[PDB]
Number of protein chains: 2
Amino acid sequence: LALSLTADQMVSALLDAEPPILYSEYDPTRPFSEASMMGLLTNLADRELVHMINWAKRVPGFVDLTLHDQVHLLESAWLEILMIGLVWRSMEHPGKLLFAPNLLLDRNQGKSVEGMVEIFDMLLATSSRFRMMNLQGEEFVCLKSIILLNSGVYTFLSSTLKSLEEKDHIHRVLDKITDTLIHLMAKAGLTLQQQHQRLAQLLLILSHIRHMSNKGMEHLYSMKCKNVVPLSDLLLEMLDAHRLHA
Amino acid sequence: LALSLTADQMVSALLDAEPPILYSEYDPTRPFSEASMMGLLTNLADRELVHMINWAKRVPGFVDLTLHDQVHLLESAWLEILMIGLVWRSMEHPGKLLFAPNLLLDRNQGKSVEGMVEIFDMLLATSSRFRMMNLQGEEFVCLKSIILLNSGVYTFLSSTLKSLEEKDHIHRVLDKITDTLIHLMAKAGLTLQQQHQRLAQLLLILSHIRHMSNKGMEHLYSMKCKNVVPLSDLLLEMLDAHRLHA
Ligand SMILES: CC/C(=C(/c1ccc(OCCNCCCC(=O)N(C)C)cc1)c1ccc2[nH]ncc2c1)c1ccccc1
Ligand SMILES: CC/C(=C(/c1ccc(OCCNCCCC(=O)N(C)C)cc1)c1ccc2[nH]ncc2c1)c1ccccc1
């Protein structure tokens, strides 16, 4: 079980779970101002979501939950998870966002759609902050799993007994990831005082990732994408897998 | 200076800084369905904001900042600060929100304005979570000061030298409040492992306070309050105080 893993085993499992880095799908032989920036980002997000599902299934503790709860967690967290990935990719690219290895965009390119450049600047400031802190890959995968488990855990509909059991388990997994972060920091030599300070600096950036997700979601809902299968159904379909290909 | 305070001195200073608990201003001899719920909450928020300014000036480190930066921090954080106060007041009132000692409202009373009951439920879930964790008053005042200092620190416009110095100072104050939280938890007997776990559980709730603030702000902007002095000017006026009454 998730709750019996050691720190190194948690880290190994999170590292192995990482999704691939995907490419934007545009014709690189054709001009750039043809392309719709929102169309490129939308297509990229849709492909990435399928992989995110595979990733979340490999995060220790996640497939112990109900499919209803798995859907709820991913529905709450998907844009934060995309965003923390984006910021992490972009750390060593000051002033730009690496949406994909063929789609590295600066501030100005942000202006194409009224909205983004606000978000674009928030994302660059976050990447900058991670660069300052010298965020490690092992710390990053802990933080991204924390988002997955934490973002939706305060908005479950019910206090059924099953729901109380599900919340307790989520909170126990989160405690194991905190232990794992502390173990990483100790292993790299920081003092106890530096350990707690760094833990707090990393978790406080998660508040800013939430903010950015909310600002982006505000824009996405305003696009008004007239009757399509709701996100929970699509999540349910990808999550509600059969086992015929095992 | 803020940076030279001990933990006990930080806690004492935060406890002494606490604003008063204000009452809603309605005629308690007259019927309830006369009153506009949004009008009551709006009036309450406006009075509370003046006191919040006084409070923020007493948070160690805050008046070392530029008035521009003080405005920016409060402009980002004011609704989170109101909300964490609300949740704290409501902990020992299961199923209700204590907006004021004469304005304790349940879920159903939330429904008066299309919007709130969504937010209302998030706020009740947060109060419940604090009740579960058995949040202390000393921990609460640390968390509320963290919101004040953290919420806006990733969205400063500039990297002027003065701005870099201001960010470094904010980050040093935040590190002192983390040390203070850890000292509280140690003083109350928790193990080192429990210390870090509790630190993470408290800071992750701040992500949910951000979310709720954003959902509320979405509603407030949609009200479309046609040309009034912008919030930054009003903040500037209360913050940009003379010293003639010293
Ligand atoms: C930060 C940039 C950004 C991104 C973004 C994300 C999602 C977007 O689309 C929402 C989905 N609508 C389609 C619904 C139909 C459907 O699902 N089907 C038919 C299967 C669009 C953009 C985006 C896209 C890809 C990314 N990789 N990493 C990060 C990242 C981010 C963005 C977000 C909000 C506003 C503006 C821009
Ligand atoms: C959670 C409930 C909630 C609250 C709320 C907060 C602020 C509100 O008004 C915004 C200000 N507009 C006036 C602008 C003009 C001006 O400033 N001048 C002329 C000086 C309204 C409500 C509220 C009010 C008082 C509170 N105590 N503690 C918490 C708390 C919260 C709420 C927030 C958003 C949507 C729905 C409800």
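Residue numbers start from 1 in every chain, and the chains themselves are labelled A, B, ... in the order their sequence lines are given, proteins ahead of strands. Indexing begins at 1, ligand by ligand and atom by atom, following the structure's order. Because only heavy atoms are used, hydrogens play no part in the values below, and waters and symmetry mates are left out as well, while side chains stay in.
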When you pair each N or O of ligand 2 with protein N or O atoms, which pairs come out under 3.5 Å?
unit_1: ligand 2; atom_1: 27 (N); unit_2: B:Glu48; atom_2: OE1; d: 2.6
unit_1: ligand 2; atom_1: 28 (N); unit_2: B:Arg89; atom_2: NH2; d: 3.3

Quiz: residues 213-227 of chain A side-chain donor-acceptor pairs under 3.5 angstrom, not counting sequence neighbours:
unit_1: A:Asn214; atom_1: OD1; unit_2: B:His211; atom_2: ND1; d: 3.2
unit_1: A:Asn214; atom_1: ND2; unit_2: A:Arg210; atom_2: O; d: 3.3
unit_1: A:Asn214; atom_1: ND2; unit_2: B:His211; atom_2: ND1; d: 3.3
unit_1: A:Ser222; atom_1: OG; unit_2: A:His219; atom_2: O; d: 2.9

What donor-acceptor contacts under 3.5 angstrom involve side-chain atoms of residues 89-96 of chain A, with partners at least two apart or in another chain?
unit_1: A:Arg89; atom_1: NE; unit_2: A:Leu98; atom_2: O; d: 3.0
unit_1: A:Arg89; atom_1: NH2; unit_2: A:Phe99; atom_2: O; d: 3.0
unit_1: A:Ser90; atom_1: OG; unit_2: A:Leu86; atom_2: O; d: 2.8
unit_1: A:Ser90; atom_1: OG; unit_2: A:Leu98; atom_2: N; d: 2.9

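Relative ring orientation between A:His72 and A:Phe156 is described as tilted, the plane-to-plane angle lying within the 30° to 60° band.
For residues 29-38 of chain A, the side-chain hydrogen bond (donor to acceptor under 3.5 Å, both in side chains) pairs, not counting sequence neighbours, are A:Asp27-A:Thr29, A:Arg30-A:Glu34.
Scanning all heavy atoms of the two residues, the minimum distance from B:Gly137 to B:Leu15 falls at O-CD2, 4.3 Å.
Checking each of B:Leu74, B:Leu235, B:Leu82 against B:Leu49 for a side-chain contact (heavy atoms from CB on, under 4.5 Å) leaves exactly one that passes, namely B:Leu235.
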